[PDB]
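Reading through the structure tokens given below for one structure.
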Amino acid sequence: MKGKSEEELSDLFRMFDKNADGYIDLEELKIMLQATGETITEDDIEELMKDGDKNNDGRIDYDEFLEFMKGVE
Amino acid sequence: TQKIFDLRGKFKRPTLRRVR
Ligand SMILES: [Ca+2]
Ligand SMILES: [Ca+2]
């Protein structure tokens, strides 16, 4: 009944949360842009983060982050 | 308009091929 999907991000979030708290912000969001280092940096981070923190609270936790990779499909 | 860049790739499944 169960499937391999949560375990994937479960390990990603742990490594993604360099701040060590449980949520991701503009600071950590850079972790994805750092791989490209394109112009999107210092700009796209503020617009991209909007995807993760789609709760209107001011931070993204282990949940909405799963929607990120979801786009990969 | 793109949004996709690396973030998408290498995010399907963890594969490890041993030298064997
Ligand atoms: Ca954090
Ligand atoms: Ca949120």
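Letters A, B, ... go to the chains of the structure tokens in the order shown; residues in each chain start at 1; ligands are counted from 1 in the same order.
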Kindly assemble as JSON lines a list of the chain A residues that lie within 8 Å of chain B, each paired with its nearest atom pair and their distance in Å to one decimal, using only C-alpha atoms, sorted first by chain and then by ascending residue number.
```
{"residue": "A:8", "atom": "CA", "partner": "B:13", "partner_atom": "CA", "distance": 7.2}
{"residue": "A:32", "atom": "CA", "partner": "B:7", "partner_atom": "CA", "distance": 6.4}
{"residue": "A:35", "atom": "CA", "partner": "B:6", "partner_atom": "CA", "distance": 7.4}
{"residue": "A:36", "atom": "CA", "partner": "B:5", "partner_atom": "CA", "distance": 7.3}
{"residue": "A:69", "atom": "CA", "partner": "B:8", "partner_atom": "CA", "distance": 6.5}
{"residue": "A:71", "atom": "CA", "partner": "B:8", "partner_atom": "CA", "distance": 7.1}
{"residue": "A:72", "atom": "CA", "partner": "B:8", "partner_atom": "CA", "distance": 4.8}
{"residue": "A:73", "atom": "CA", "partner": "B:12", "partner_atom": "CA", "distance": 7.8}
```
With N, CA and C atoms retained, could you export that selection as a CSV table (one decimal), in the first residue's frame?
```
chain,number,residue,atom,x,y,z
A,8,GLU,N,12.3,10.0,-0.2
A,8,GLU,CA,13.2,10.7,-1.1
A,8,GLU,C,13.4,12.2,-0.6
A,32,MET,N,19.3,25.9,-3.9
A,32,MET,CA,18.9,25.4,-5.3
A,32,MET,C,19.5,26.2,-6.4
A,35,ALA,N,23.4,26.0,-7.3
A,35,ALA,CA,23.9,25.0,-8.3
A,35,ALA,C,24.0,25.6,-9.7
A,36,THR,N,23.2,26.6,-10.0
A,36,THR,CA,23.2,27.2,-11.3
A,36,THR,C,24.0,28.5,-11.2
A,69,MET,N,9.6,19.0,-5.8
A,69,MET,CA,10.1,17.9,-6.6
A,69,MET,C,8.9,17.4,-7.4
A,71,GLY,N,6.9,18.8,-9.3
A,71,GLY,CA,7.0,19.3,-10.6
A,71,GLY,C,7.9,18.4,-11.6
A,72,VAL,N,8.9,17.8,-11.0
A,72,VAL,CA,9.8,16.9,-11.7
A,72,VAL,C,9.0,15.9,-12.5
A,73,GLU,N,7.8,15.5,-12.0
A,73,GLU,CA,7.0,14.5,-12.7
A,73,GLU,C,6.2,15.1,-13.8
```
>> Using only C-alpha atoms and all ligand atoms, which residues have at least one atom no more than 7 Å from ligand 1? Output them as a PyMOL selection string.
In response: chain A and resi 17-25+28
>> 10 Å from ligand 2 is the threshold here; counting only C-alpha atoms and all ligand atoms, which polymer residues fall inside it? Answer as a list in words.
In response: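 These are the residues that qualify: residues 23, 24, 25, 49, 50, 51, 52, 53, 54, 55, 56, 57, 58, 59, 60, 61, 62, 63, 64 and 65 of chain A.
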> Where in chain A does DSSP assign helix (DSSP H, G or I), given as a PyMOL selection string?
Replying inline: chain A and resi 6-16+26-33+44-52+65-70
Written file, previous selection with N, CA, C and O atoms, as a compact mmCIF listing (two decimals), in the first residue's frame:
```txt
# COMPACT_ATOMS: atom_id res chain seq x y z
N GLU A 6 8.06 9.81 -0.08
CA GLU A 6 8.34 10.67 1.06
C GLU A 6 9.78 10.50 1.53
O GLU A 6 10.43 11.47 1.92
N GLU A 7 10.27 9.27 1.49
CA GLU A 7 11.64 8.98 1.91
C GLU A 7 12.64 9.77 1.08
O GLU A 7 13.70 10.15 1.58
N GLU A 8 12.31 10.00 -0.18
CA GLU A 8 13.18 10.75 -1.08
C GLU A 8 13.42 12.16 -0.55
O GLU A 8 14.56 12.56 -0.32
N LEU A 9 12.34 12.91 -0.37
CA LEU A 9 12.44 14.28 0.13
C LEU A 9 12.86 14.30 1.59
O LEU A 9 13.54 15.22 2.04
N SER A 10 12.45 13.27 2.33
CA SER A 10 12.79 13.17 3.75
C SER A 10 14.28 13.38 3.97
O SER A 10 14.70 13.99 4.96
N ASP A 11 15.09 12.86 3.05
CA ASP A 11 16.53 12.99 3.14
C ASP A 11 17.00 14.32 2.56
O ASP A 11 18.01 14.88 2.98
N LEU A 12 16.25 14.83 1.58
CA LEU A 12 16.58 16.09 0.94
C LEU A 12 16.39 17.26 1.90
O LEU A 12 17.28 18.09 2.07
N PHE A 13 15.22 17.32 2.53
CA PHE A 13 14.91 18.39 3.48
C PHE A 13 15.96 18.47 4.58
O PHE A 13 16.39 19.55 4.97
N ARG A 14 16.38 17.30 5.08
CA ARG A 14 17.38 17.24 6.13
C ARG A 14 18.67 17.93 5.70
O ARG A 14 19.29 18.67 6.48
N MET A 15 19.08 17.70 4.46
CA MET A 15 20.29 18.30 3.92
C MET A 15 20.03 19.72 3.43
O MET A 15 20.93 20.56 3.42
N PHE A 16 18.79 19.99 3.04
CA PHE A 16 18.41 21.31 2.55
C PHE A 16 18.34 22.31 3.69
O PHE A 16 18.70 23.48 3.53
N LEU A 26 14.38 32.30 2.22
CA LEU A 26 15.18 32.88 1.14
C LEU A 26 16.65 32.51 1.29
O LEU A 26 17.39 32.43 0.31
N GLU A 27 17.08 32.29 2.53
CA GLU A 27 18.47 31.93 2.81
C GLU A 27 18.78 30.53 2.30
O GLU A 27 19.77 30.32 1.60
N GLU A 28 17.93 29.57 2.65
CA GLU A 28 18.12 28.19 2.22
C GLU A 28 17.70 28.00 0.77
O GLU A 28 18.32 27.23 0.03
N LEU A 29 16.66 28.72 0.35
CA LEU A 29 16.17 28.63 -1.02
C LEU A 29 17.31 28.82 -2.02
O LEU A 29 17.26 28.31 -3.13
N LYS A 30 18.34 29.55 -1.60
CA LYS A 30 19.50 29.80 -2.45
C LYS A 30 20.23 28.50 -2.77
O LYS A 30 20.89 28.38 -3.80
N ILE A 31 20.11 27.53 -1.87
CA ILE A 31 20.76 26.23 -2.03
C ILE A 31 20.48 25.63 -3.41
O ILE A 31 21.33 24.94 -3.97
N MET A 32 19.29 25.89 -3.95
CA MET A 32 18.93 25.36 -5.26
C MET A 32 19.50 26.23 -6.38
O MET A 32 19.87 25.72 -7.44
N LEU A 33 19.58 27.53 -6.13
CA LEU A 33 20.12 28.46 -7.12
C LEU A 33 21.64 28.41 -7.16
O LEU A 33 22.26 28.67 -8.19
N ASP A 44 15.11 35.71 -8.16
CA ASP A 44 14.22 34.57 -8.34
C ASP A 44 13.95 33.87 -7.01
O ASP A 44 12.95 33.19 -6.85
N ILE A 45 14.87 34.05 -6.06
CA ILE A 45 14.74 33.44 -4.75
C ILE A 45 13.52 33.97 -4.00
O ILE A 45 12.84 33.23 -3.30
N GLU A 46 13.25 35.26 -4.16
CA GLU A 46 12.11 35.89 -3.51
C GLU A 46 10.80 35.47 -4.16
O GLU A 46 9.76 35.39 -3.49
N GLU A 47 10.84 35.20 -5.46
CA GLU A 47 9.66 34.79 -6.19
C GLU A 47 9.45 33.28 -6.10
O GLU A 47 8.32 32.80 -6.02
N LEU A 48 10.55 32.53 -6.11
CA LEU A 48 10.48 31.08 -6.03
C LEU A 48 9.97 30.63 -4.67
O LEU A 48 9.05 29.81 -4.58
N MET A 49 10.56 31.17 -3.60
CA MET A 49 10.17 30.83 -2.24
C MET A 49 8.65 30.83 -2.08
O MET A 49 8.10 30.08 -1.27
N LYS A 50 7.98 31.66 -2.87
CA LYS A 50 6.52 31.75 -2.82
C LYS A 50 5.88 30.38 -3.03
O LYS A 50 4.81 30.10 -2.51
N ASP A 51 6.56 29.53 -3.80
CA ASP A 51 6.06 28.19 -4.08
C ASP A 51 6.07 27.34 -2.81
O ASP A 51 5.05 26.75 -2.44
N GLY A 52 7.22 27.28 -2.15
CA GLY A 52 7.33 26.50 -0.93
C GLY A 52 6.36 26.97 0.14
O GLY A 52 5.43 26.25 0.50
N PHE A 65 7.41 21.45 0.72
CA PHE A 65 8.67 21.21 0.04
C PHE A 65 8.55 20.02 -0.91
O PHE A 65 9.25 19.93 -1.91
N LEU A 66 7.64 19.11 -0.58
CA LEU A 66 7.42 17.93 -1.39
C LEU A 66 6.79 18.30 -2.73
O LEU A 66 6.95 17.60 -3.73
N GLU A 67 6.08 19.43 -2.75
CA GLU A 67 5.45 19.91 -3.97
C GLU A 67 6.51 20.38 -4.97
O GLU A 67 6.29 20.38 -6.18
N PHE A 68 7.66 20.78 -4.44
CA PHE A 68 8.77 21.25 -5.28
C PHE A 68 9.18 20.17 -6.28
O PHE A 68 9.08 20.37 -7.49
N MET A 69 9.63 19.04 -5.76
CA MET A 69 10.05 17.92 -6.59
C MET A 69 8.89 17.38 -7.42
O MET A 69 9.09 16.83 -8.50
N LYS A 70 7.67 17.56 -6.91
CA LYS A 70 6.47 17.09 -7.61
C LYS A 70 6.48 17.54 -9.06
O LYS A 70 6.07 16.80 -9.96
```
